[PDB]
Amino acid sequence: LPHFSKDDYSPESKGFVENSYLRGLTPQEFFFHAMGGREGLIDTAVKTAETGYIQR
Amino acid sequence: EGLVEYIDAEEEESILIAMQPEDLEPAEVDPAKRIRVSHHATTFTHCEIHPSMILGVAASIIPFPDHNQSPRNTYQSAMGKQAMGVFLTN
Amino acid sequence: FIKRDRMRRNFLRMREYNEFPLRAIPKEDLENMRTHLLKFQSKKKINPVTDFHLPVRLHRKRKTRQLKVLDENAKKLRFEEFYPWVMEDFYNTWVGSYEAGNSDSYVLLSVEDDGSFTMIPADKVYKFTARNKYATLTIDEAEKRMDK
Amino acid sequence: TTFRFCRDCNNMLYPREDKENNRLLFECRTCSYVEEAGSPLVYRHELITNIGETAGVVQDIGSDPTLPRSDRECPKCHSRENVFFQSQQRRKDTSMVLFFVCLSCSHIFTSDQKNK
Amino acid sequence: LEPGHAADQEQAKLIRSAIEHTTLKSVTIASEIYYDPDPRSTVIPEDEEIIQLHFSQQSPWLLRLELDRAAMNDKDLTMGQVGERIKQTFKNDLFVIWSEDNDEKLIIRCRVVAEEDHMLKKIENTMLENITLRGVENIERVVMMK
Amino acid sequence: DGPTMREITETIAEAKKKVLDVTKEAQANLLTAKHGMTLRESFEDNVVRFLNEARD
Amino acid sequence: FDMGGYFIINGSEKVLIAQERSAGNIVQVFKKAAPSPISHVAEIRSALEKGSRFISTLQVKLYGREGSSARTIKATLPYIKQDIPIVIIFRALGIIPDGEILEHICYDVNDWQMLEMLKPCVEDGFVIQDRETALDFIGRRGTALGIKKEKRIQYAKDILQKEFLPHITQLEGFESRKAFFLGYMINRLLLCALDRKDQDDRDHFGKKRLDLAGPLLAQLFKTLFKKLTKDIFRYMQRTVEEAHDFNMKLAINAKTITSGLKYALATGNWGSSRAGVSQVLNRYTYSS
Amino acid sequence: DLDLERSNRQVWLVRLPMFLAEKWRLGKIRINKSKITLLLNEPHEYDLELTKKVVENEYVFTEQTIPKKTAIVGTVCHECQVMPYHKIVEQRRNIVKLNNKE
Amino acid sequence: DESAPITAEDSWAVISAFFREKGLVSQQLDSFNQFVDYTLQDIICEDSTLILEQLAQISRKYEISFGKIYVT
Amino acid sequence: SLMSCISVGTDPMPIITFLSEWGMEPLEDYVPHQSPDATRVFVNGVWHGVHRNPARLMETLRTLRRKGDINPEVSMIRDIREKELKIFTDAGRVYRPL
Ligand SMILES: [Zn+2]
Ligand SMILES: [Zn+2]
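Note that the protein sequences, when read in sequence, are chains P, U, R, Y, L, Z, G, F, V and E. First residue of the first sequence: 784, per UniProt numbering; consecutive thereafter. Quick note on numbering: the second sequence equals residues 687 to 714, 723 to 784 in UniProt numbering. Quick note on numbering: the third sequence equals residues 21 to 35, 97 to 142, 327 to 355, 358 to 415 in UniProt numbering. First residue of the fourth sequence: 2, per UniProt numbering; consecutive thereafter. Quick note on numbering: the fifth sequence equals residues 1120 to 1175, 1187 to 1243, 1254 to 1286 in UniProt numbering. First residue of the sixth sequence: 672, per UniProt numbering; consecutive thereafter. Quick note on numbering: the seventh sequence equals residues 197 to 467, 474 to 490 in UniProt numbering. Quick note on numbering: the eighth sequence equals residues 58 to 82, 92 to 99, 102 to 110, 117 to 138, 207 to 226, 233 to 250 in UniProt numbering. Quick note on numbering: the ninth sequence equals residues 20 to 76, 84 to 98 in UniProt numbering. First residue of the tenth sequence: 540, per UniProt numbering; consecutive thereafter.
Quick look at the structure:
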């Protein structure tokens, strides 16, 4: 993200969400969590679309 | 007067943006608040107006979306386009 | 922890030198001759026209009712003069081409015998290229030799 | 590998074997310009490429705000104000060895403790 | 593996060294071509040591190359058996020399019976790609697992 | 509870110190990767392993 | 509270959804993991800023896989069938020597790798050494409708002055500039082949351009206006050819523009090219 | 019948700013011995930089297969460029960025 | 004072001054308005001239060109 | 997103005219052996020339960009490692205020 430095290999900047759902999440973590959610939805959709063809 | 500037996705490659103004600009805890990053970076060229503006129109109706998982924010963002209400007065 | 919606009452309750002159040559000489520029492309530093020897020669080498497209002026006058010139003797060859982009603003400060100078606006500018140094070619022989 | 060009022709000088004096030469096949050889080397492939890791180093590299800042001192001028960045050669087997660039003498000193 | 030679790491290292594909390009740091007309004498001052040993009509052009000692270790190889492989590859048309394992710089030189450079460059491609030092085809990255 | 929150904060903190140590050892080129993977793959496996271990 | 921002056709509230397309006039490089002899492709979609809507795209291809020798470079040209090497095009642009070519491609004399990979192109560029033989070469390679050679050399030169790189400009004499830009594209292709730069990302949102009602109605009104002019001229030629009187009511028609705009903003198609552009406005609630 | 008149004449090429160039479409140059300026007529003085010192293979000719009358002028002696009450010129340069259409 | 740093809540005011100026759907209005303003004159002026070539045996020609467009 | 807008496109001619007044050398006069450290200038992907002082020029274009002279929809980038300076004034780009 354009909010960190370059060549940063720290775990926080690479996607680690150290906060919990009880105290909320930071923007740079909510964005990655949104990426994981959309990826989950797409993966489930593809798995179903292929599951139907396999079933037939 | 040179106090606010538009930035696309190309110029965003060559700028350093700060999230909160009064939390990352000045130089230096209750366990109920969330853990944030540090302010080791000095060359902050720009600053975010507010992070809550990254969401769209449908997700803006969600209360406390940080404490909720993303696919529920998506499902609510999809159900917000078909609820009963009053669109106009005429 | 609540949305502060009473900001209307809060805002309502809160608010050595050598000088030499320049001259413009009369426009008669500008109407007689057009000043063009010369630039060589042979890398060799010297190459004067005295070493170019003599004689130096620079010379330029039924249907019913229908439809026409159109075209403008200066572009047409530059399009009709599609014959580049060449300077040779009787052997060295130099063939020039137009530069176009290097028109813009170019003023010549020709130095005479006296310290004063004569300024002439540049009409065009051309890039001369030394042609036929090695002396060889082929056409169809190269088209058949490139098929190996 | 670091070949020369012809005079006037400016074409590349292909190597020509001199069988009379038995010595290498450099020729131009367009013309009759043949110069001597100052080295027997002609071709070097160099498979494993290690160059390009420190690519793109400019005089104005110290004014980059996106680049980080460190506090390690230079071995030459002993300046703790420097800017570090990894190798510029992008490849799978490229190591993550940092490259320190001092903001005073513009020296490039790395952080590898095994090989220097 | 076999039940008799089980729970053994060295034997599995021999099997891995017997099937894992290896090529000459794997061990090659760099190669370079030299013009050296005299077959026996070499202009290069270093390689003179090799010239002194490995010696005690041919092409004036020299093909030379250097190997990674670490590659000679990870993939167990011998400069000797390599030179054997090339000699039994091209047979007698290409004369071959190779440096010792003792040498801190691994060196290999070769010559032949228009310009000789192009011929050498062809042979370079053949050397790197078409020589397999050991192991059967289409086998890579053999992993030991308990 | 409070003490449990502090034990979680220290658990994550120890993993952060481990990722920082492996990060410094990787930047110093002092860690040789195992057979089958490169330096970056082994480093990412170590960081992800430590983060998942601290989260678990 | 009516936000507006939509159209009304036949009593229906139609909305033009924002379309998304890629940008142009930017040099791009990509890899080819297929067994094709081309390893890297340098695509660049060239088009003017306003007018005509150009689709011609230049491509600079690098032949030969990694490991094998004789990796030449050949770039395709519009209206020309087979591909042409880059050095021959440099000869057709007025640059005859090869040291100047290597001086335009590679801008660093200290680097030996790029110059080393330039060698085969300098060999084929040694085969064809003249500018006139290069213009006759491109004249004989592509576009065989010229028949005569004297018109195909000047026709090929006009191709290099007009169709070749529509951007920058299309005038005569800009061959040096286009030579520097071409050497820049070759520098990006070979510089991407040396593993010094990653493959150009297409998912970068900054390289994407959106289209609202402005661009769409610009294309539509452009084509409709062209058809209007063509029809008016057709009526003119019919009038002067059939020898009759002229009338302003029969020459300029309004149902071409009215039917074009009303039909395009009425149906989902924007003329199947494009579909689903116009959708009925969802009045389920305000946030919808 | 092309004839070289002299070519011995030395000419200096100048890249002028647009307002003064279009005005020329007289002053007095002051040569300061490695810095030279120009005192125009009332008006500004202009430092002219020695853009390119060595300037060979460049010449100047004039014109009075179709051969035409060709005459040679002189050699190019030095490549130059005129460099520039400057606030009014800066304001005019800011003012040119205000072109609009109806 | 007047030269004091702003806070996090204060930023909301800025956002207000944004939506008061633009509006939630200002991109379509600005793009459409710019289309009507400039795009019409650009399309009309970029290819307005058409000429008919008439032959007789003395040559003749005719021309039609479009100028400033008018919207109602 | 709630503060995201779409550019509309301006005119690149005044910028190109303004660059050549501060010593922007045209492209056809470029020699890589006489000016290797020259920074290339790009306007909408068109290479018009280089400049041997991108610092003061970039500062000038930024100061004049913040005062309101140049349309804020124009996005200018200065890639240091690539040694380029892209200028985008075309319509279709999505920006956000900061
Ligand atoms: Zn030659
Ligand atoms: Zn230092």
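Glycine included, every Cβ here is placed at the ideal spot set by N, Cα and C.
Taking a beta-carbon distance threshold of 8 Å, U:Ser-700 counts as an interface residue toward chain Y. Under the 8 Å criterion on CB atoms, V:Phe-51 is classed as interfacial with respect to chain G.
A residue is called buried when at least 16 other Cβ atoms come within 10 angstroms of its Cβ; E:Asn-583 meets this threshold and is buried. Contact residues of the segment 68 to 101 of chain Y toward chain U are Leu-68, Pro-69 and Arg-70 (C-beta to C-beta distance below 9 Å). Rounded to the nearest whole angstrom, the C-alpha separation of L:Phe-1220 and G:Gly-263 is 21 Å. For Y:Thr-31, the Cβ falls inside the 7 Å cut-off from some heavy atom of ligand 1. Annotated three-state conformation of P:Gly-835 is helix, per DSSP. In this structure, Y:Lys-20 has its CB at a distance of at least 7 Å from all heavy atoms of ligand 2. Of all alpha-carbon atoms in L:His-1124, L:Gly-1123, L:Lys-1132 and L:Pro-1122, the one lying nearest the alpha-carbon of L:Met-1284 is that of L:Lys-1132. Spanning the alpha carbons of G:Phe-197 and G:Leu-406 requires a straight line of approximately 27 Å.
If you check the C-beta of Y:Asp-9 against ligand 1, you find a heavy atom less than 7 Å away. The C-alpha of R:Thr-360 is placed about 7 Å away from the C-alpha of R:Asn-399.
At least one CB atom of chain U sits nearer than 8 Å to the CB of V:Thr-26. Under the 10 Å beta carbon count, Y:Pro-41 is surrounded by 16 or more other beta carbons and is classified as buried. For ligand 1, no non-hydrogen atom lies closer than 7 Å to the CB of R:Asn-399. In this structure, the beta-carbon distance from P:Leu-824 to U:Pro-765 falls below 8 Å.
The beta carbon of Y:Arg-8 is closer than 8 Å to those of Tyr-34 in its chain, skipping five residues each way along the sequence. For the UniProt zinc finger region "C4-type" (7 to 32) of chain Y, the residues whose beta carbon sits under 9 Å from a beta carbon of chain R are, in order, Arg-8, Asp-9, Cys-10, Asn-11, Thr-31 and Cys-32. One alpha carbon belongs to U:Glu-696, the other to E:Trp-586, and they sit about 18 Å apart. A direct Cα-to-Cα measurement between L:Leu-1224 and G:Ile-282 gives close to 37 Å. Residue list for ligand 2: Y:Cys-75, Y:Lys-77, Y:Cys-78, Y:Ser-80, Y:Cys-103, Y:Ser-105, Y:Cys-106 and Y:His-108 (CB closer than 6 Å to any heavy atom, chain order). For the pair F:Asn-242 and F:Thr-125, the Cα-to-Cα distance works out to about 27 Å. Fewer than three pairs of CB atoms, one per stretch, sit closer than 8 Å, so the segment 331 to 345 of chain G makes no contact with the segment 51 to 63 of chain Y.
Remark: the shortest separation between the CB of Y:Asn-12 and any heavy atom of ligand 1 falls under 7 Å. R:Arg-330 reaches chain V at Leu-71, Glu-72, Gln-73 and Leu-74, counting residues in chain order whose Cβ is nearer than 8 Å. The beta carbons of L:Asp-1231 and L:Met-1209 sit closer together than 8 Å.
The beta carbon of P:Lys-789 sits closer than 8 Å to some beta carbon of chain Y. Interface residue (Cβ-Cβ distance to chain U less than 8 Å): G:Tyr-202 is not classified as such. Within chain F, the residues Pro-74, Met-75 and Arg-241 have their CB atoms less than 9 Å from the CB of E:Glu-560, given in chain order. Relative to ligand 1, the beta carbon of Y:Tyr-34 is positioned inside 7 Å of a heavy atom. One thing to note: R:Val-392 has its Cβ no nearer than 8 Å to the Cβ of R:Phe-384. Listed along the chain, the chain V residues whose CB falls inside 9 Å of the CB of G:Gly-247 are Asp-61, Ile-62, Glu-65 and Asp-66. G:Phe-421 is a Cβ neighbour of V:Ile-63, given a cutoff of 8 Å. For the C-beta of P:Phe-799, the chain Z residues within less than 8 Å are, from N- to C-terminus, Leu-722. Y:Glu-47 carries a coil assignment under DSSP once its states are collapsed to helix, strand and coil.
For G:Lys-418, the residues of chain V that pass the 7 Å Cβ criterion are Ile-62, in the order they occur in the chain.
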